[PDB]
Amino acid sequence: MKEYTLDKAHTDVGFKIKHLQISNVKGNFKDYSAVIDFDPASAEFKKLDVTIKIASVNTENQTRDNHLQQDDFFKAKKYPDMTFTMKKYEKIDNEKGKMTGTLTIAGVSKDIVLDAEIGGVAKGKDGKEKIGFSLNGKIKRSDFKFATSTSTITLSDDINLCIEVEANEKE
C-alpha cells in the first residue's frame, strides 16, 4: 500500500436528507366586479354580488397562476368566472355581522357564511358616502369538488377567504 492525505480544498464530506415544509399560498385576483347595496343608517348589507375572473388569479408566481387555469384546478376555459351572491345578512351590531351566500366555483354551487367586519363608515370630505369592511371564512375544497386529483395532504382542504373592500357611493 501507500498513504494519502486529503486535499481538504477538493474533498466534500457530504449528505442529502429529504424534508417537508408547510407554508401558506397567499393570492388574490386582479380582475373582478361587484354590486354593493348598504345602509349606513342601520349598518346592513342589502345586496352583495361578486364576479371574479379566474384568469386574473395572482399568487405571485406566473407558472402557478397558469397551472391554476388547467383541468385539474379552475378549468378557466370551461368556467371562466367564480361568483358570490349574498342571500341574507344577519347583523350582530354596527361592526359585525354574519353574511350568507352562494359561492360558485367551476360550476359547483354551495351556500357559505362569511364574517363581515365593518372597518369604517363615513361621509367623505366631498359629501359622498364611503365604507370599509372585510368578509372572511373558511371553505372546503371537498365541498366544491375542487382540484379533486390533488390530495388533501399536499394541499389543504381548507381555503381561507379574506375580502377587504374600500368602496364609495355611485353616480
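Heads up: residue numbers just count along the shown sequence, starting at 1. Just so we're on the same page, rigid core means the largest C-alpha set that superposes within 1.5 Å between forms.
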Core-aligned Cα RMS comparison in 4 other deposited structures of this protein - stretch that moves more, 56-64 or 121-129: 121-129
Between 68-76 and 93-101 (mean CA B-factor, as deposited), the higher: 68-76
29-37 or 118-126, whichever carries the higher mean Cα B-factor: 118-126
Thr59, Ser142, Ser109, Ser134, ranked by C-alpha B-factor: the highest one: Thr59
Assigned third (lowest, middle, highest) for the C-alpha B factor of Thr63: highest
Where the record places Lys47 (Cα B-factor, split into thirds across the chain): middle
